[PDB]
>>> print(open('structure-v1.pdb').read())   # PDB, C-alpha atoms
ATOM      1  CA  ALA A   1     177.142 139.930 211.736  1.00  0.00           C
ATOM      2  CA  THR A   2     179.047 142.581 213.456  1.00  0.00           C
ATOM      3  CA  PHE A   3     177.808 145.064 216.117  1.00  0.00           C
ATOM      4  CA  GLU A   4     180.323 147.517 217.552  1.00  0.00           C
ATOM      5  CA  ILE A   5     178.730 149.228 220.559  1.00  0.00           C
ATOM      6  CA  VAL A   6     180.501 152.405 221.728  1.00  0.00           C
ATOM      7  CA  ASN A   7     179.877 154.612 224.751  1.00  0.00           C
ATOM      8  CA  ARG A   8     180.695 158.208 223.638  1.00  0.00           C
ATOM      9  CA  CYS A   9     178.779 159.554 226.652  1.00  0.00           C
ATOM     10  CA  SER A  10     180.655 161.112 229.586  1.00  0.00           C
ATOM     11  CA  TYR A  11     178.949 158.598 232.068  1.00  0.00           C
ATOM     12  CA  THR A  12     179.199 154.825 232.166  1.00  0.00           C
ATOM     13  CA  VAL A  13     176.452 152.792 230.566  1.00  0.00           C
ATOM     14  CA  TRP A  14     175.681 149.108 230.703  1.00  0.00           C
ATOM     15  CA  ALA A  15     174.921 148.047 227.276  1.00  0.00           C
ATOM     16  CA  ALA A  16     172.354 145.281 226.591  1.00  0.00           C
ATOM     17  CA  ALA A  17     171.616 143.133 223.493  1.00  0.00           C
ATOM     18  CA  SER A  18     168.670 140.700 223.492  1.00  0.00           C
ATOM     19  CA  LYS A  19     165.947 139.214 221.254  1.00  0.00           C
ATOM     20  CA  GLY A  20     163.548 138.777 223.616  1.00  0.00           C
ATOM     21  CA  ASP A  21     164.026 135.229 224.960  1.00  0.00           C
ATOM     22  CA  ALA A  22     167.818 134.933 224.802  1.00  0.00           C
ATOM     23  CA  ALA A  23     170.945 137.007 224.992  1.00  0.00           C
ATOM     24  CA  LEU A  24     172.778 138.190 221.942  1.00  0.00           C
ATOM     25  CA  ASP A  25     176.485 137.450 222.380  1.00  0.00           C
ATOM     26  CA  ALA A  26     177.320 137.990 226.081  1.00  0.00           C
ATOM     27  CA  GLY A  27     173.906 139.960 226.539  1.00  0.00           C
ATOM     28  CA  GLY A  28     175.434 142.865 228.139  1.00  0.00           C
ATOM     29  CA  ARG A  29     178.553 144.561 229.318  1.00  0.00           C
ATOM     30  CA  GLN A  30     179.799 147.723 231.416  1.00  0.00           C
ATOM     31  CA  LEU A  31     181.129 150.432 229.076  1.00  0.00           C
ATOM     32  CA  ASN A  32     182.990 153.222 230.736  1.00  0.00           C
ATOM     33  CA  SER A  33     183.217 156.555 228.540  1.00  0.00           C
ATOM     34  CA  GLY A  34     184.995 155.863 225.467  1.00  0.00           C
ATOM     35  CA  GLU A  35     184.860 152.054 225.667  1.00  0.00           C
ATOM     36  CA  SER A  36     183.826 149.889 222.430  1.00  0.00           C
ATOM     37  CA  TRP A  37     182.314 146.357 222.645  1.00  0.00           C
ATOM     38  CA  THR A  38     181.973 144.382 219.377  1.00  0.00           C
ATOM     39  CA  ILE A  39     179.420 141.491 219.248  1.00  0.00           C
ATOM     40  CA  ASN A  40     178.475 138.809 217.088  1.00  0.00           C
ATOM     41  CA  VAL A  41     174.839 138.340 216.038  1.00  0.00           C
ATOM     42  CA  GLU A  42     173.647 135.499 213.864  1.00  0.00           C
ATOM     43  CA  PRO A  43     172.431 136.106 210.287  1.00  0.00           C
ATOM     44  CA  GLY A  44     168.655 135.978 210.048  1.00  0.00           C
ATOM     45  CA  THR A  45     167.957 137.304 213.562  1.00  0.00           C
ATOM     46  CA  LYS A  46     164.505 138.888 213.714  1.00  0.00           C
ATOM     47  CA  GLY A  47     163.489 141.454 216.294  1.00  0.00           C
ATOM     48  CA  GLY A  48     166.851 142.160 217.891  1.00  0.00           C
ATOM     49  CA  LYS A  49     167.346 145.115 220.221  1.00  0.00           C
ATOM     50  CA  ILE A  50     170.328 147.035 221.621  1.00  0.00           C
ATOM     51  CA  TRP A  51     169.940 149.530 224.484  1.00  0.00           C
ATOM     52  CA  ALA A  52     171.828 151.331 227.275  1.00  0.00           C
ATOM     53  CA  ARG A  53     171.172 150.929 230.973  1.00  0.00           C
ATOM     54  CA  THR A  54     172.061 153.631 233.472  1.00  0.00           C
ATOM     55  CA  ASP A  55     172.967 153.782 237.155  1.00  0.00           C
ATOM     56  CA  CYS A  56     173.488 150.039 237.636  1.00  0.00           C
ATOM     57  CA  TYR A  57     174.952 147.925 240.422  1.00  0.00           C
ATOM     58  CA  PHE A  58     175.966 144.304 239.846  1.00  0.00           C
ATOM     59  CA  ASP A  59     177.646 141.937 242.101  1.00  0.00           C
ATOM     60  CA  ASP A  60     180.351 139.474 241.556  1.00  0.00           C
ATOM     61  CA  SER A  61     177.952 137.072 239.771  1.00  0.00           C
ATOM     62  CA  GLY A  62     176.251 139.448 237.923  1.00  0.00           C
ATOM     63  CA  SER A  63     172.895 140.092 239.453  1.00  0.00           C
ATOM     64  CA  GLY A  64     171.813 143.551 240.454  1.00  0.00           C
ATOM     65  CA  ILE A  65     169.632 146.534 239.462  1.00  0.00           C
ATOM     66  CA  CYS A  66     169.719 149.469 237.052  1.00  0.00           C
ATOM     67  CA  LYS A  67     167.656 152.635 237.252  1.00  0.00           C
ATOM     68  CA  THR A  68     166.819 152.526 233.551  1.00  0.00           C
ATOM     69  CA  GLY A  69     166.583 149.491 231.339  1.00  0.00           C
ATOM     70  CA  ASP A  70     166.920 146.699 233.729  1.00  0.00           C
ATOM     71  CA  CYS A  71     166.532 143.196 232.249  1.00  0.00           C
ATOM     72  CA  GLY A  72     165.333 141.108 235.166  1.00  0.00           C
ATOM     73  CA  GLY A  73     168.183 142.120 237.452  1.00  0.00           C
ATOM     74  CA  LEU A  74     170.955 140.413 235.065  1.00  0.00           C
ATOM     75  CA  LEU A  75     174.224 142.010 233.921  1.00  0.00           C
ATOM     76  CA  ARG A  76     173.936 139.635 230.913  1.00  0.00           C
ATOM     77  CA  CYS A  77     170.486 140.255 229.436  1.00  0.00           C
ATOM     78  CA  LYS A  78     168.562 137.453 228.217  1.00  0.00           C
ATOM     79  CA  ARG A  79     165.302 139.449 228.101  1.00  0.00           C
ATOM     80  CA  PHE A  80     164.289 142.974 227.163  1.00  0.00           C
ATOM     81  CA  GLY A  81     164.636 146.059 229.329  1.00  0.00           C
ATOM     82  CA  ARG A  82     162.383 147.984 231.657  1.00  0.00           C
ATOM     83  CA  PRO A  83     161.401 151.478 230.102  1.00  0.00           C
ATOM     84  CA  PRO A  84     162.490 154.181 229.644  1.00  0.00           C
ATOM     85  CA  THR A  85     164.926 152.737 227.079  1.00  0.00           C
ATOM     86  CA  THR A  86     165.896 154.270 223.749  1.00  0.00           C
ATOM     87  CA  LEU A  87     165.997 151.289 221.371  1.00  0.00           C
ATOM     88  CA  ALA A  88     168.134 150.174 218.462  1.00  0.00           C
ATOM     89  CA  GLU A  89     166.039 147.540 216.667  1.00  0.00           C
ATOM     90  CA  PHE A  90     166.885 145.129 213.879  1.00  0.00           C
ATOM     91  CA  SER A  91     165.954 142.009 211.973  1.00  0.00           C
ATOM     92  CA  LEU A  92     168.679 140.675 209.689  1.00  0.00           C
ATOM     93  CA  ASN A  93     168.706 138.778 206.358  1.00  0.00           C
ATOM     94  CA  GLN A  94     164.998 139.068 205.643  1.00  0.00           C
ATOM     95  CA  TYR A  95     164.542 137.430 202.529  1.00  0.00           C
ATOM     96  CA  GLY A  96     167.945 139.621 201.097  1.00  0.00           C
ATOM     97  CA  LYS A  97     167.770 142.604 203.433  1.00  0.00           C
ATOM     98  CA  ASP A  98     168.330 143.643 207.016  1.00  0.00           C
ATOM     99  CA  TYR A  99     165.918 146.444 208.505  1.00  0.00           C
ATOM    100  CA  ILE A 100     167.024 148.904 211.120  1.00  0.00           C
ATOM    101  CA  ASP A 101     165.273 151.345 213.269  1.00  0.00           C
ATOM    102  CA  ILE A 102     165.468 153.433 216.414  1.00  0.00           C
ATOM    103  CA  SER A 103     162.321 153.387 218.567  1.00  0.00           C
ATOM    104  CA  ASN A 104     161.056 155.919 221.364  1.00  0.00           C
ATOM    105  CA  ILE A 105     157.974 153.643 221.889  1.00  0.00           C
ATOM    106  CA  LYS A 106     159.412 152.559 225.228  1.00  0.00           C
ATOM    107  CA  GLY A 107     160.666 155.852 226.084  1.00  0.00           C
ATOM    108  CA  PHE A 108     164.056 157.520 225.830  1.00  0.00           C
ATOM    109  CA  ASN A 109     167.044 157.376 228.161  1.00  0.00           C
ATOM    110  CA  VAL A 110     170.281 157.818 226.172  1.00  0.00           C
ATOM    111  CA  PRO A 111     170.849 159.551 222.794  1.00  0.00           C
ATOM    112  CA  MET A 112     171.826 157.170 220.037  1.00  0.00           C
ATOM    113  CA  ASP A 113     173.231 156.838 216.563  1.00  0.00           C
ATOM    114  CA  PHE A 114     172.631 153.369 214.822  1.00  0.00           C
ATOM    115  CA  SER A 115     174.672 153.570 211.500  1.00  0.00           C
ATOM    116  CA  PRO A 116     175.698 150.889 209.006  1.00  0.00           C
ATOM    117  CA  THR A 117     179.649 150.087 208.860  1.00  0.00           C
ATOM    118  CA  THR A 118     179.301 148.416 205.431  1.00  0.00           C
ATOM    119  CA  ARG A 119     177.740 150.573 201.941  1.00  0.00           C
ATOM    120  CA  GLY A 120     174.206 150.826 200.653  1.00  0.00           C
ATOM    121  CA  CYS A 121     172.112 152.251 203.305  1.00  0.00           C
ATOM    122  CA  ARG A 122     172.074 155.363 205.776  1.00  0.00           C
ATOM    123  CA  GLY A 123     171.887 155.262 209.495  1.00  0.00           C
ATOM    124  CA  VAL A 124     169.344 156.621 211.969  1.00  0.00           C
ATOM    125  CA  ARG A 125     169.793 158.843 215.024  1.00  0.00           C
ATOM    126  CA  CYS A 126     167.959 160.388 217.982  1.00  0.00           C
ATOM    127  CA  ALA A 127     170.265 162.830 219.801  1.00  0.00           C
ATOM    128  CA  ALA A 128     167.967 165.564 221.013  1.00  0.00           C
ATOM    129  CA  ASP A 129     167.794 166.440 225.239  1.00  0.00           C
ATOM    130  CA  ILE A 130     164.541 164.524 225.328  1.00  0.00           C
ATOM    131  CA  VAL A 131     165.094 163.975 229.231  1.00  0.00           C
ATOM    132  CA  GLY A 132     165.713 167.863 229.464  1.00  0.00           C
ATOM    133  CA  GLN A 133     162.512 168.677 228.054  1.00  0.00           C
ATOM    134  CA  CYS A 134     160.418 165.776 228.707  1.00  0.00           C
ATOM    135  CA  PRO A 135     156.778 166.583 229.623  1.00  0.00           C
ATOM    136  CA  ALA A 136     156.267 166.633 233.393  1.00  0.00           C
ATOM    137  CA  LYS A 137     154.013 163.414 233.824  1.00  0.00           C
ATOM    138  CA  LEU A 138     156.375 161.398 231.591  1.00  0.00           C
ATOM    139  CA  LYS A 139     159.516 161.999 233.667  1.00  0.00           C
ATOM    140  CA  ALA A 140     161.008 159.247 235.351  1.00  0.00           C
ATOM    141  CA  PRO A 141     162.277 159.326 238.673  1.00  0.00           C
ATOM    142  CA  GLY A 142     165.118 157.103 238.176  1.00  0.00           C
ATOM    143  CA  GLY A 143     166.115 158.846 234.935  1.00  0.00           C
ATOM    144  CA  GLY A 144     164.763 159.193 231.401  1.00  0.00           C
ATOM    145  CA  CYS A 145     161.516 160.137 229.689  1.00  0.00           C
ATOM    146  CA  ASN A 146     158.785 157.461 229.693  1.00  0.00           C
ATOM    147  CA  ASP A 147     156.395 156.751 226.852  1.00  0.00           C
ATOM    148  CA  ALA A 148     152.721 157.541 227.460  1.00  0.00           C
ATOM    149  CA  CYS A 149     151.661 153.827 227.164  1.00  0.00           C
ATOM    150  CA  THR A 150     154.044 153.004 230.223  1.00  0.00           C
ATOM    151  CA  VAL A 151     152.707 155.924 232.285  1.00  0.00           C
ATOM    152  CA  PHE A 152     148.906 155.540 231.498  1.00  0.00           C
ATOM    153  CA  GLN A 153     148.109 152.052 230.159  1.00  0.00           C
ATOM    154  CA  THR A 154     145.327 153.109 227.772  1.00  0.00           C
ATOM    155  CA  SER A 155     144.328 151.472 224.534  1.00  0.00           C
ATOM    156  CA  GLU A 156     144.968 154.680 222.720  1.00  0.00           C
ATOM    157  CA  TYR A 157     148.577 155.142 223.921  1.00  0.00           C
ATOM    158  CA  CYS A 158     149.325 151.424 223.892  1.00  0.00           C
ATOM    159  CA  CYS A 159     147.566 150.915 220.509  1.00  0.00           C
ATOM    160  CA  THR A 160     146.164 147.759 222.071  1.00  0.00           C
ATOM    161  CA  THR A 161     143.556 146.950 219.407  1.00  0.00           C
ATOM    162  CA  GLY A 162     145.789 147.784 216.444  1.00  0.00           C
ATOM    163  CA  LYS A 163     143.999 151.134 216.119  1.00  0.00           C
ATOM    164  CA  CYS A 164     145.245 154.430 217.506  1.00  0.00           C
ATOM    165  CA  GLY A 165     146.391 157.823 216.363  1.00  0.00           C
ATOM    166  CA  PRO A 166     149.270 160.090 217.328  1.00  0.00           C
ATOM    167  CA  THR A 167     148.932 161.984 220.627  1.00  0.00           C
ATOM    168  CA  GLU A 168     150.350 165.039 222.336  1.00  0.00           C
ATOM    169  CA  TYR A 169     152.923 162.791 223.825  1.00  0.00           C
ATOM    170  CA  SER A 170     153.844 160.810 220.730  1.00  0.00           C
ATOM    171  CA  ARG A 171     154.242 164.093 218.843  1.00  0.00           C
ATOM    172  CA  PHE A 172     156.741 165.483 221.923  1.00  0.00           C
ATOM    173  CA  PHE A 173     159.062 162.464 220.731  1.00  0.00           C
ATOM    174  CA  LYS A 174     158.513 162.864 217.006  1.00  0.00           C
ATOM    175  CA  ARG A 175     159.387 166.911 217.514  1.00  0.00           C
ATOM    176  CA  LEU A 176     162.593 166.054 218.762  1.00  0.00           C
ATOM    177  CA  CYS A 177     163.470 162.819 216.784  1.00  0.00           C
ATOM    178  CA  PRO A 178     161.598 162.538 213.481  1.00  0.00           C
ATOM    179  CA  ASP A 179     163.719 159.553 212.466  1.00  0.00           C
ATOM    180  CA  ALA A 180     162.640 157.412 215.441  1.00  0.00           C
ATOM    181  CA  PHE A 181     159.286 155.680 215.971  1.00  0.00           C
ATOM    182  CA  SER A 182     157.139 157.824 218.293  1.00  0.00           C
ATOM    183  CA  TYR A 183     154.163 155.405 218.744  1.00  0.00           C
ATOM    184  CA  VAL A 184     153.198 151.926 217.570  1.00  0.00           C
ATOM    185  CA  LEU A 185     151.511 152.948 214.287  1.00  0.00           C
ATOM    186  CA  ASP A 186     153.884 155.743 213.319  1.00  0.00           C
ATOM    187  CA  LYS A 187     154.765 155.971 209.651  1.00  0.00           C
ATOM    188  CA  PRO A 188     157.802 153.651 209.560  1.00  0.00           C
ATOM    189  CA  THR A 189     161.240 155.259 209.643  1.00  0.00           C
ATOM    190  CA  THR A 190     162.807 151.835 209.118  1.00  0.00           C
ATOM    191  CA  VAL A 191     165.923 151.551 206.959  1.00  0.00           C
ATOM    192  CA  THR A 192     166.440 148.634 204.579  1.00  0.00           C
ATOM    193  CA  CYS A 193     170.082 147.516 204.306  1.00  0.00           C
ATOM    194  CA  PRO A 194     171.748 144.712 202.340  1.00  0.00           C
ATOM    195  CA  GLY A 195     171.527 141.353 204.050  1.00  0.00           C
ATOM    196  CA  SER A 196     174.508 140.614 206.304  1.00  0.00           C
ATOM    197  CA  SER A 197     175.502 144.237 206.877  1.00  0.00           C
ATOM    198  CA  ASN A 198     177.539 145.315 209.908  1.00  0.00           C
ATOM    199  CA  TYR A 199     176.681 148.208 212.203  1.00  0.00           C
ATOM    200  CA  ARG A 200     177.821 150.645 214.869  1.00  0.00           C
ATOM    201  CA  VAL A 201     175.650 151.767 217.770  1.00  0.00           C
ATOM    202  CA  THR A 202     177.008 155.038 219.210  1.00  0.00           C
ATOM    203  CA  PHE A 203     175.588 156.302 222.506  1.00  0.00           C
ATOM    204  CA  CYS A 204     175.833 160.069 222.820  1.00  0.00           C
ATOM    205  CA  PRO A 205     177.053 160.622 219.645  1.00  0.00           C
ATOM    206  CA  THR A 206     177.298 164.234 219.545  1.00  0.00           C
ATOM    207  CA  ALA A 207     179.151 164.058 222.911  1.00  0.00           C
TER
END
>>> encode(input="structure-v1.pdb", output="C-alpha cells")
Amino acid sequence: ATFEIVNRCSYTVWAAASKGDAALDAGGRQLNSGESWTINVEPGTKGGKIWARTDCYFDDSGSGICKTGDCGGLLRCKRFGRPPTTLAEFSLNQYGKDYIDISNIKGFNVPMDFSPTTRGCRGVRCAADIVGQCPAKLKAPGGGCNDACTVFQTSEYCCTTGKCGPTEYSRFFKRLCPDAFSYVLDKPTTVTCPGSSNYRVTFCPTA
C-alpha cells in the first residue's frame, strides 16, 4: 500500500514510520515545508504508526536526537517514538478491511490529517493548538503536550489493569480533538476502510 506523507507545516519535520520492531520503508526522512514522501507498506501490516519528530539533529550516518518523537537516536526509525507524539495508526487487510485512527494517548506534538486516497471511507484529523493550550503540568519542555500517563505513571492514567475511566486530562484532548483517542479505553474513533486502501498523512493541514 501507498502512504504519501506531506509536511504542510511552516517548520521542518522528520517523519517516522515504524511497527514497533522494524522500519516501514526507509523508517524516516527530513521533510522541509511543503515536501511529500511516498512509502510503501506491506498488505496485512498490523499496528503501524506514522508520526512527526521536531527539532532534530542527525549526522552523516544518521544518528542523532530530536526534541519530540525520537526513536532511539535513529534518522531511520526502526522502533516507536518518545512522547509527546501525535500518532497516525493503522492495521491493514484485516480479514477484508484496513482500520485507521489518530491517537493523543502518547501526547500531541504536530496537528495531523490522516485521510484515505482511494473511495469508501472518511479520514480523521486533529488540528486544534493543543500545545497552545495544553494544561501546565503536561507541557513539555522540548515541545508538545504530554499525555497524563507519561507525566504521572499511575494505573488510572496508564489504564494498566485494563480498567480506567476518562480524566480531566483525557477530556482536555478529547475537547479539542473528538476524533482522536484521548485515553486507552476511549470509545473507538477508528475508521474501517476497504482492504488495500491508500492514504495521505498531512501534517498541519490547515496551515
>>> resolve_selection(input="structure-v1.pdb", expression="the PyMOL selection byres ((chain A and resi 46) around 9)", output="list in words")
residues 19, 44, 45, 47, 48, 90, 91, 92, 93 and 94 of chain A
>>> resolve_selection(input="structure-v1.pdb", expression="the PyMOL selection byres ((chain A and resi 175) around 12)", output="ChimeraX atom specification")
/A:104,126-130,133-134,167-174,176-182
>>> closest_residue(input="structure-v1.pdb", among="A:121, A:14, A:189, A:166", to="residue A:97", atoms="all atoms listed in the file")
A:121
>>> atom_distance(input="structure-v1.pdb", atom1="atom CA of residue A:123", atom2="atom CA of residue A:38")
17.8 Å
>>> resolve_selection(input="structure-v1.pdb", expression="the PyMOL selection byres ((chain A and resi 39) around 7)", output="list in words")
residues 2, 3, 4, 25, 37, 38, 40 and 41 of chain A
>>> atom_distance(input="structure-v1.pdb", atom1="atom CA of residue A:7", atom2="atom CA of residue A:34")
5.3 Å
>>> atom_distance(input="structure-v1.pdb", atom1="atom CA of residue A:88", atom2="atom CA of residue A:51")
6.3 Å
>>> residues_near_point(input="structure-v1.pdb", point="(164.0, 146.8, 208.9)", cutoff="7 Å", atoms="all atoms listed in the file", output="short mmCIF file (atom, residue, chain, number, x, y, z; two decimals) with C-alpha atoms, keeping the file's coordinate frame")
data_model
loop_
_atom_site.label_atom_id
_atom_site.label_comp_id
_atom_site.auth_asym_id
_atom_site.auth_seq_id
_atom_site.Cartn_x
_atom_site.Cartn_y
_atom_site.Cartn_z
CA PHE A 90 166.88 145.13 213.88
CA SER A 91 165.95 142.01 211.97
CA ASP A 98 168.33 143.64 207.02
CA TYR A 99 165.92 146.44 208.50
CA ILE A 100 167.02 148.90 211.12
CA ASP A 101 165.27 151.34 213.27
CA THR A 190 162.81 151.84 209.12
CA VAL A 191 165.92 151.55 206.96
CA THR A 192 166.44 148.63 204.58
#
>>> residues_near_point(input="structure-v1.pdb", point="(168.1, 141.4, 199.2)", cutoff="7 Å", atoms="all atoms listed in the file", output="ChimeraX atom specification")
/A:95-97,194-195
>>> axis_aligned_box(input="structure-v1.pdb", around="stretch 51-55 of chain A", padding_each_side="8 Å", output="AutoDock Vina command-line options")
--center_x 171.5 --center_y 151.7 --center_z 230.8 --size_x 19.0 --size_y 20.3 --size_z 28.7
>>> residues_around(input="structure-v1.pdb", residues="stretch 74-82 of chain A", least_positions_apart="3", cutoff="8 Å", atoms="only C-alpha atoms", output="PyMOL selection string")
chain A and resi 14+16-24+26-29+49+51+58+62-65+68-71+85
>>> write_last_selection(input="structure-v1.pdb", atoms="C-alpha atoms", output="PDB file, in the frame of the given file")
ATOM      1  CA  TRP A  14     175.681 149.108 230.703  1.00  0.00           C
ATOM      2  CA  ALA A  16     172.354 145.281 226.591  1.00  0.00           C
ATOM      3  CA  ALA A  17     171.616 143.133 223.493  1.00  0.00           C
ATOM      4  CA  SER A  18     168.670 140.700 223.492  1.00  0.00           C
ATOM      5  CA  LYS A  19     165.947 139.214 221.254  1.00  0.00           C
ATOM      6  CA  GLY A  20     163.548 138.777 223.616  1.00  0.00           C
ATOM      7  CA  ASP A  21     164.026 135.229 224.960  1.00  0.00           C
ATOM      8  CA  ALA A  22     167.818 134.933 224.802  1.00  0.00           C
ATOM      9  CA  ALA A  23     170.945 137.007 224.992  1.00  0.00           C
ATOM     10  CA  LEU A  24     172.778 138.190 221.942  1.00  0.00           C
ATOM     11  CA  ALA A  26     177.320 137.990 226.081  1.00  0.00           C
ATOM     12  CA  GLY A  27     173.906 139.960 226.539  1.00  0.00           C
ATOM     13  CA  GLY A  28     175.434 142.865 228.139  1.00  0.00           C
ATOM     14  CA  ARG A  29     178.553 144.561 229.318  1.00  0.00           C
ATOM     15  CA  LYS A  49     167.346 145.115 220.221  1.00  0.00           C
ATOM     16  CA  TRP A  51     169.940 149.530 224.484  1.00  0.00           C
ATOM     17  CA  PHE A  58     175.966 144.304 239.846  1.00  0.00           C
ATOM     18  CA  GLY A  62     176.251 139.448 237.923  1.00  0.00           C
ATOM     19  CA  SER A  63     172.895 140.092 239.453  1.00  0.00           C
ATOM     20  CA  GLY A  64     171.813 143.551 240.454  1.00  0.00           C
ATOM     21  CA  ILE A  65     169.632 146.534 239.462  1.00  0.00           C
ATOM     22  CA  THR A  68     166.819 152.526 233.551  1.00  0.00           C
ATOM     23  CA  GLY A  69     166.583 149.491 231.339  1.00  0.00           C
ATOM     24  CA  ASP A  70     166.920 146.699 233.729  1.00  0.00           C
ATOM     25  CA  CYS A  71     166.532 143.196 232.249  1.00  0.00           C
ATOM     26  CA  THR A  85     164.926 152.737 227.079  1.00  0.00           C
TER      27      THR A  85
END
>>> closest_residue(input="structure-v1.pdb", among="A:112, A:203, A:184, A:131", to="residue A:149", atoms="all atoms listed in the file")
A:184
>>> residues_around(input="structure-v1.pdb", residues="residue A:86", least_positions_apart="3", cutoff="7 Å", atoms="only C-alpha atoms", output="list in words")
residues 51, 103, 104, 106, 107, 108, 109 and 110 of chain A
>>> closest_residue(input="structure-v1.pdb", among="A:185, A:13, A:31, A:207", to="residue A:53", atoms="only C-alpha atoms")
A:13
>>> closest_residue(input="structure-v1.pdb", among="A:138, A:87, A:159, A:144", to="residue A:54", atoms="only C-alpha atoms")
A:144
>>> closest_residue(input="structure-v1.pdb", among="A:60, A:42, A:113, A:186", to="residue A:9", atoms="all atoms listed in the file")
A:113
>>> decode(input="structure-v1.pdb", residues="stretch 178-190 of chain A", atoms="N, CA and C atoms", output="CSV table (one decimal), in the first residue's frame")
chain,number,residue,atom,x,y,z
A,178,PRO,N,-12.1,15.5,19.2
A,178,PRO,CA,-13.1,14.4,19.4
A,178,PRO,C,-12.8,13.2,18.6
A,179,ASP,N,-12.1,13.4,17.3
A,179,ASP,CA,-12.0,12.2,16.5
A,179,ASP,C,-10.8,11.4,16.9
A,180,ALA,N,-9.9,11.9,17.8
A,180,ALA,CA,-8.7,11.1,18.2
A,180,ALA,C,-8.9,10.4,19.5
A,181,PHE,N,-8.3,9.3,19.7
A,181,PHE,CA,-8.3,8.6,21.0
A,181,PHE,C,-7.6,9.5,22.1
A,182,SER,N,-8.3,9.7,23.2
A,182,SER,CA,-7.8,10.6,24.3
A,182,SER,C,-7.3,9.8,25.5
A,183,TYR,N,-7.6,8.5,25.6
A,183,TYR,CA,-7.0,7.6,26.6
A,183,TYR,C,-7.3,6.2,26.1
A,184,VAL,N,-6.7,5.2,26.8
A,184,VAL,CA,-6.6,3.8,26.3
A,184,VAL,C,-8.0,3.3,26.0
A,185,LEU,N,-9.0,3.5,26.9
A,185,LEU,CA,-10.3,2.9,26.8
A,185,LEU,C,-11.3,3.8,26.3
A,186,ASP,N,-10.9,4.8,25.5
A,186,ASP,CA,-11.9,5.8,24.9
A,186,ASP,C,-12.8,5.0,24.0
A,187,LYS,N,-14.0,5.4,23.8
A,187,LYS,CA,-14.9,4.9,22.8
A,187,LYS,C,-14.1,5.0,21.4
A,188,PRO,N,-14.0,3.9,20.7
A,188,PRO,CA,-13.1,4.0,19.5
A,188,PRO,C,-13.6,4.9,18.4
A,189,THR,N,-12.7,5.7,17.9
A,189,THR,CA,-12.9,6.6,16.8
A,189,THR,C,-12.3,6.0,15.5
A,190,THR,N,-12.0,4.8,15.6
A,190,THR,CA,-11.4,4.0,14.4
A,190,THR,C,-12.3,4.2,13.2
